[PDB]
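# Reading the structure
Residue strings, one per chain:
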Amino acid sequence: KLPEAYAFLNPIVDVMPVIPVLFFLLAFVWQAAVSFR
Amino acid sequence: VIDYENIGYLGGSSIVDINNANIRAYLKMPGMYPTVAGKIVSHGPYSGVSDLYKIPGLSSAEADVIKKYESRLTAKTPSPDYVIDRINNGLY
Amino acid sequence: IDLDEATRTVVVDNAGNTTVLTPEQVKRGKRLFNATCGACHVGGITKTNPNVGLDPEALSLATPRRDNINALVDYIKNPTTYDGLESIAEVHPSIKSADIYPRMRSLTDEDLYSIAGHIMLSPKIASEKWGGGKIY
Amino acid sequence: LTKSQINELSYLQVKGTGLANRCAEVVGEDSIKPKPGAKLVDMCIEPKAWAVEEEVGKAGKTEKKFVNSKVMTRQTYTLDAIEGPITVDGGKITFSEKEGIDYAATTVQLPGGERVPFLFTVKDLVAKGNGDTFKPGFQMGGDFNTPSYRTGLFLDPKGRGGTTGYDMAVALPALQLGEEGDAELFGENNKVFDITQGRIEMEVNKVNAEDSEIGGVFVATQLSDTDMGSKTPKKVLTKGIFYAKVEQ
Amino acid sequence: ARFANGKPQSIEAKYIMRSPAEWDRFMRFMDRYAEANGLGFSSXXXXXXX
Amino acid sequence: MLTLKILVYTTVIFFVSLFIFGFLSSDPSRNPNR
Amino acid sequence: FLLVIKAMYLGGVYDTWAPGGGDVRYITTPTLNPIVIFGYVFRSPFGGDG
Amino acid sequence: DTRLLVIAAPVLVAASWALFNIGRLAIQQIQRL
Amino acid sequence: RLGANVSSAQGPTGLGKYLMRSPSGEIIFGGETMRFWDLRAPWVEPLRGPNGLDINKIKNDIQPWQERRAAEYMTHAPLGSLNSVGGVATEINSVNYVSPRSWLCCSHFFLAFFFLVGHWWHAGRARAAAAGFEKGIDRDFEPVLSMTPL
Amino acid sequence: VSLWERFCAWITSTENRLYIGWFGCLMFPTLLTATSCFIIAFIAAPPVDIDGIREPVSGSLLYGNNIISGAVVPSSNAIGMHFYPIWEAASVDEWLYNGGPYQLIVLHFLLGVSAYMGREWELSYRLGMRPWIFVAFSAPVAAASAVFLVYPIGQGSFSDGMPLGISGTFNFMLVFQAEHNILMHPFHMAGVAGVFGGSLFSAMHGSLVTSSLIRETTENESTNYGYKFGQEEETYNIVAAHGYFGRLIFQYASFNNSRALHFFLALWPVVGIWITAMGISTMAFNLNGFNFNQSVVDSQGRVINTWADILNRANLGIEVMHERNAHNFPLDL
Amino acid sequence: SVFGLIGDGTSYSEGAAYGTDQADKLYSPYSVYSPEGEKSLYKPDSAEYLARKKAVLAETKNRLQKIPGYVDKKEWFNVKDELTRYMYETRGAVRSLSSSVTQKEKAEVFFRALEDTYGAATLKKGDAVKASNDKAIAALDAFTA
Amino acid sequence: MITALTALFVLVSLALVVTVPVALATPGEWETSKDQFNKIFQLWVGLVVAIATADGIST
Amino acid sequence: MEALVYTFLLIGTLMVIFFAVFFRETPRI
Ligand code: CLA
Ligand SMILES: CC1=C(/C=C/C(C)=C\C=C\C(C)=C\C=C\C=C(C)\C=C\C=C(C)\C=C\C2=C(C)CCCC2(C)C)C(C)(C)CCC1
Ligand code: OEX
Ligand SMILES: [Cl-]
Ligand SMILES: [Fe+2]
């Protein structure tokens, strides 16, 4: 368990690790925005 | 052997042989499986049930609990393929 | 068929008194048992020592009788051998060996009651597989 | 090397080297004169040469001779840590083996490609020394029995065994359905387990009194394996060295 | 077998004889390539100069 | 059997050195275009 | 170097083979013999060698 | 109330839509996307 | 504990079901685990002597903590499934556990091979591009037509 | 002109009937010794104990086997992962008793196939073509390595490798199913999809190309005789084939850049086989397939069987029977 | 029927819902992810485990006075095995029994002595092993406090 | 306080991340608005130092 | 005695393979 100070901020930590995967996708969505130039 | 004659005394029936059955057979009798059945199965062949009570070391309490079930035990001729597997039959 | 009132009644004491487990109890047990007991007693069998099973028949032949909630709870408080000659707390999970096994450092009474209730109740549901083994 | 030298070596220094089978030597010939009630705490029996009784013709005549044979199993044959109580009936030392690693599965290959498996064992041994003090020149001798190479729990390739398995050859159902069914096959369907006999003769050599250790040379002749009564067993002759420590 | 071992030389003979093969190759290779110090081509994997 | 080990250790180092010094002998230059 | 320094003078590292059970200890005397160190590098990768 | 669910869905929420918001703004302000 | 004389009970094959001899002569555990006789663990070393597994230490000087450690390790083996059922493939799903060793080994083996594939691809392309025929052949300087027939 | 130079030249020559190259210096001797030992052992190898329980198994033709039952039995379980060359045995007979030829053949075969990949690339470089055929050949090489080397490494014994034979292969597959549940692993599914798709695309591409063949032959002469080696124009009409394919399924759905079509043809089975070899490699470290055992439960709690439970039943049947005498304890670890 | 939306639009279930992360009422699931509670029921921190720890320390002594006999003979595996097989519980026992600063510091001294004994026994140096055993004896019999 | 202090830090980090990537891209935008970004960076590092000081003290 | 037949078949197949590599129709352009 997190220290008692940050147990309130726990839900952000619940999603933080999966962020990078989304960066990947962003590349794809960015390429889609520019018409796969 | 293709047919052991004393199948019923291996643990299937209420009568259990003391010179052939594995330690798992001494589970129908409460208060006997550890420290009592092990002594019986860890020692040599017995000509009769009375030979159990001379088993070296056999404590009193063990003698009493054996006397409680003396009727169910029986003594048959030993068979090597079964006496070798008294401690660990193989099945679990 | 449901998990009705009739099937949730289990023996609570040697006498034979039969109490009833609330559905919450059932859930908590199944959870606690799977979390702590499950690794070695999955399916109602003892993985390390298959001779001493967990099915009601073997509990009925233990010394003393272990086929009721009270004796199971006491066994958790103080475990003994199959014939009850001595204590095996140093080689088995127990409240007495809480220092040795850190898993029980948090278990409460209700927790023990629910675990014992689950152990008693599961053979009433499955009725042939609790402790049966591969074959079943 | 002696036990006092192996105890200096650590386990990492010994692994793989292959000296785990070797028997420690004994130096400084002396007499023990065991106190009655003492017993041999350790005992290693190492075979140095194997031979199988065979028929071979020298000059047009055939006679029973023991032919040499190389061992197929790598480094398993040696026995060790055998314990037994020494007693004196009429002033004679009797080993009387009691417990310890005393069996060892071993396979040896004869000239011509024949493979002869056998159980190199010392069980229920009863030695009869030629006196008392284990002193240079002592002899023990004795007899022992050899258990079945395969126990009851073993299954044949077709699934037949003694304590467990099919009682008949399920692959051939036409052998059934006929009054006298599987009979020619009864010799193989039926699994019998019989104990054999072995004769060992141990001669003592240099004996250390300070460490209470004895060493010498043994000659043993044991009956080979019978495949649960399917084949007649062979005769195996073995010779080698030994070592034992007496605790008083 | 499992005796660790620097490379797998157990007998000085084995090392001293795995030696001449590599040295024979070094000599035959030196026969072509000798007295080379400079000639820097400065190009992508050219090595055109012999 | 030490002789057999010696002969195999030769063959192996023989061919391995052949490989190593063959790929060291200006292989990238060996090519259709020059 | 930083890892070595951490294990030697910055609280130590966890050692299972420590006497009395696994615990954090300082590695006071690391083995510096080149032969024993490179025995790992130059040994066989098969069973019993690792 | 499983505030855990109402806490874990909406944060996954904000995070998943954020980068696409950056894409919004870049295409809106005629950026060197 | 039952009183059986360990190191004297022949196994079903006659090989010894508790103690065996390693192909180097060392004394090891019997059964199918004879393939793993090279093991060295902190909870089993106290029982090992220069000759291998000492018998006098096993018979007399055994420790309860070793028993607990062995039971815990047997009950938690690096066996599992993709959905992390745990145990043997035929076991019912009550436990929920897959050892981190399995995860690390499988994932990194997969990554390592695909990076070997990356090496193959990039080495080939880099050398072809340096040579100068990574786009095609030429159609006017085809090297096959300039070579002797065969 | 030195000697080394002359050699290097002959070696990298592209006018030899079979290209040698520098990778050939590793491929030829190694593959040749592997095949010689394999041919000899398949005919006259004595029985070998594989489970290390002194129960030798015969796999040679001269020991009452046929082509299907015969095999090169893998090394003994007592050896495990240890290196067992000829010179480590005390006698050749003992080396044969413990299954050394399996180790010899498998190690040489692996080195040979790796050198074969290298040689494919080397000839591609010499002939001035694009160097990626050996990348395609990597997939069978990866599969062979996983089945012959990686799985024994993970399991801890060479006795767990695939025996070199037909019935041995079937036994290996069945035991793999029992102990690992290969079928319910998504990578095996990907491999089956890849192989079925490879066959589908091969058949369809062949049919489409052969169907649209320019009429340049009579009827009493093989259609194949219309094409002449070293042509300058396409012997088939892409337009007609694409029209047929588009009308068959859909207009949008269709490949036109024949280059893209051939790249897809190369891509599908290769990625399938790569994923399958990864399934085997991952499962060598006991990461088995999905276990949906007793997942469906009624209100009371009783279990309702699905199709997966019958698979578990068959797996139990195989498991309790494989290596009947090898086991002494309840768990197969 | 019998829906079960993430514990927000239905109910518990004799077995089906998992989102829960609560819905138990028993009390505090230590963390939203732990079925177990906090250390406030049944087992107490220092019931009578201190007696077991003291017995472990006494038998640790009894084990450690037989090391000089084993080093007098040239046996090194026995020293390591004796120092690790029963001293295993002694590290945790000594760490838990120590509560004051002096006990902590000199238990650290004792651990240093044992580690030196182990290292010297591995290196096979009789003098260093004997001196380290003497220092370990001094620390351990000066620990009983 | 810590809990709150950080909350802020999270909010200011979100406001910074949503606007830095948009700035840099949009040509020119950067330079013109450099000093405000520097001020917000100093605010960010000050918040981090304040959070660290909280903990320390509170332990 | 069937081992002879199996060996003959395998060696014959290998010989056929040998003849198909070194005695092939040379393809000309
Ligand atoms: C319809 C059902 C079906 C189908 C289509 C498949 C399909 C497949 N299974 Mg399978 N399987 C099934 C049912 C099925 N399975 C069932 C029911 C079970 C349970 C019993 C299994 C259990 C199973 C296992 C256990 C394995 C498979 C594997 C495979 C794959 C084969 C890999 C292969 O051959 O390429 C790989 C190609 C090679 C290995 C060839 C390499 C060739 C080398 C490089 C050169 C050889 C040269 C040669 C010696 C001489 C040249 C000739 C010269 C003389 C002219 C493939 C995806 C295997 C796998 O996962 O792939 C690794 C595998 O190990 N399956
Ligand atoms: C740290 C932090 C954070 C985070 C942040 C970050 C760093 C980032 C995020 C972000 C992210 C990470 C996001 C992402 C997103 C993504 C997405 C949104 C994706 C999607 C995609 C898709 C879905 C696609 C699709 C498509 C298209 C479009 C076209 C083609 C086809 C396809 C299908 C591919 C926060 C805020 C919490 C705050 C605190 C701290
Ligand atoms: O060797 Mn072939 O199969 Ca892999 O698991 Mn354990 O070992 Mn044996 O049993 Mn199951
Ligand atoms: Cl086993
Ligand atoms: Fe084509």
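Residues numbered from 1 in each chain as written, not as in the entry; some residues may be left out. Chains lettered and ligands numbered in written order. Part of a larger assembly, values for the part shown. Heavy atoms only, no water. Residues with missing side-chain atoms left out of burial classes, pairs and counts.

Its PDB header names cryo-EM as the technique used to obtain the model and reports a resolution of 2.93 Å.

## What about the overall build of chain B?
Spelled out, the test is: Comment: elements are numbered from the N terminus, with helices defined as DSSP H or I runs of at least four residues and strands as E runs of at least two. We compute the radius of gyration over the C-alpha atoms and compare it with the globule rule, which gives 2.2 Å times the number of residues raised to the power 0.38.
Helix and strand content of chain B: 3 helices and 2 strands. The N-to-C order of helical and strand elements in chain B reads β-α-α-β-α. Relative to the compact-globule value of 12 Å for 92 residues, chain B shows a C-alpha radius of gyration of 12 Å, a close match. Expressed along its principal axes, the backbone C-alpha trace of chain B runs to roughly 40 × 25 × 20 Å.

## Quick notes on the coordination of the calcium atom of ligand 3
Which entries qualify depends on this criterion: Here the term donor refers to an N, O or S atom within 2.8 Å of the metal (or 3.2 Å for Na, K and Ca), and because water is left out of the atoms, sites may appear incomplete.
Donor atoms from the protein around the calcium atom of ligand 3 number only one, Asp160 of chain J (OD), found at 3.2 Å. Residue placement: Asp160 of chain J occurs in the loop between α5 (133–155) and β2 (164–165).

## Comments concerning the site of ligand 3
Rule in force here: Near residues are defined by distance, with any heavy atom within 4 Å of the molecule or strand qualifying the residue. Polar contacts, as counted here, are pairs of nitrogen or oxygen atoms within 3.5 Å of one another; within protein the pair requires one atom able to donate a hydrogen and one able to accept it, and residues that are adjacent in sequence qualify only if both atoms are side-chain atoms. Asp, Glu, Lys and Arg are counted as charged, while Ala, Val, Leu, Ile, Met, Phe, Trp, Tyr, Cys and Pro are counted as nonpolar; the rest, among them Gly, fall into the polar class.
Taken together, the neighbourhood of ligand 3 is formed by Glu32 and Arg35 of chain I together with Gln155, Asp160, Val175, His322, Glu323, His327 and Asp332 of chain J. Nearby residues place ligand 3 at the junction of chains I and J. One of the side-chain nitrogen or oxygen atoms of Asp160 of chain J is found 2.9 Å away from an oxygen atom of ligand 3. Measuring from an oxygen atom of ligand 3, one finds a side-chain N or O atom of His327 of chain J at 3.2 Å. Along the lines of polarity and charge, the residues of the shell around ligand 3 split into 1 nonpolar, 3 polar and 5 charged.

## With respect to the site of ligand 2
Defined as follows: The protein chains shown are the only cover counted for residues, whose accessible areas, like all others here, come from Shrake-Rupley with a 1.4 Å probe.
Ligand 2 sits among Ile19, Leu22, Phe23, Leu25 and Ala32 of chain A, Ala15, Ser16 and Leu19 of chain H together with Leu14 of chain L. What surrounds ligand 2 is not a single chain but chains A, H and L. Expressed as a share of its isolated accessible area of 940 Å², the protein-covered part of ligand 2 is 57%. Where the shell around ligand 2 is concerned, the elements lending two or more residues are α2 (19–33) of chain A together with α1 (3–28) of chain H. Tallying contributions element by element places α2 of chain A first for the shell around ligand 2, with 5 residues. Across the shell around ligand 2, the residue classes tally to 8 nonpolar, 1 polar and no charged.

## What to know about the packing of helix α5 (residues 101–123) of chain K against helix α6 (residues 126–141) of chain K
Residue and element names in this part refer to chain K. The following threshold applies: Axes here mean lines fitted to C-alpha atoms, for a helix over just the part in contact, with angles spanning 0 to 180 degrees between N-to-C directions. The cut-offs work like this: below 35 degrees is roughly parallel, past 145 is roughly antiparallel, 65 to 115 is roughly perpendicular, and the gaps in between are oblique. In this scheme the crossing of two helices becomes right-handed for a clockwise turn of the near helix relative to the far one and left-handed for an anticlockwise turn of less than a right angle. Contacts were defined at the residue level, with two residues in contact if any of their heavy atoms lie within 4.5 Å.
Running from amino to carboxyl end, α5 crosses α6 at an angle of 160°, the nearest separation of the two axes being 8 Å. Taken together, the axes of α5 and α6 are roughly antiparallel relative to one another. The handedness of the crossing between α5 and α6 comes out as left-handed. Side by side, α5 and α6 meet where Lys106, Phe110, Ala113, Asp116, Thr117, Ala120 and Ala121 of the first sit next to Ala128, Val129, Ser132, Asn133, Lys135, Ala136, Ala139 and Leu140 of the second. For the contact of α5 with α6, the per-class residue count stands at 9 nonpolar, 3 polar and 3 charged.

## Looking at the pairing of strand β2 (residues 62–68) of chain D
All names here are of chain D. What counts is decided by this rule: Two strands qualify as a pair provided DSSP detects at least 2 bridges between them.
As paired strands, strand β1 (residues 39–57) and β2 are joined by 7 bridges and run antiparallel to one another. By the bridge assignment, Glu53 is partnered in β2 with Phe66. Between β1 and β2, which pair antiparallel one after the other, the connecting turn spans 4 residues, and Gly60 there sits at a positive phi close to 90°.

## Side note on unusual backbone geometry
Keep this limit in mind: For each residue, the accessible area found with a 1.4 Å probe, counting protein chains only, is set against the maximum for its type, and the residue is called buried under 20%, exposed over 50%, and partly exposed in between.
Residue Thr63 of chain C is joined to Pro64 of chain C through a cis peptide bond whose omega torsion reads 0°. The phi torsion at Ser212 of chain D lies on the positive side, around 55°, for a residue other than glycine. When you line up the elements, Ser212 of chain D lands in the loop between β12 (196–208) and β13 (213–223). For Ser212 of chain D, a relative accessible area of 15% corresponds to the buried category. With a phi close to 60°, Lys124 of chain K is a non-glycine residue in the positive phi region. Tracing the backbone shows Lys124 of chain K in the loop between α5 and α6.

## Some details on the arrangement of the chains
Out of 28 pairs of chains that touch, the pair holding the most contacts is chains I and J. Taking C-alpha atoms as the reference, chain B and chain H come no closer than 45 Å and do not contact one another. A gap remains between chain F and chain H, which never touch, and the nearest two C-alpha atoms on either side lie 41 Å apart.

## Here we look at the coordination of the magnesium atom of ligand 1
Of all protein atoms, just one serves as a donor to the magnesium atom of ligand 1, and that atom is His188 of chain J (NE2), at 2.7 Å. Residue position: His188 of chain J is located in helix α7 (residues 186–211).

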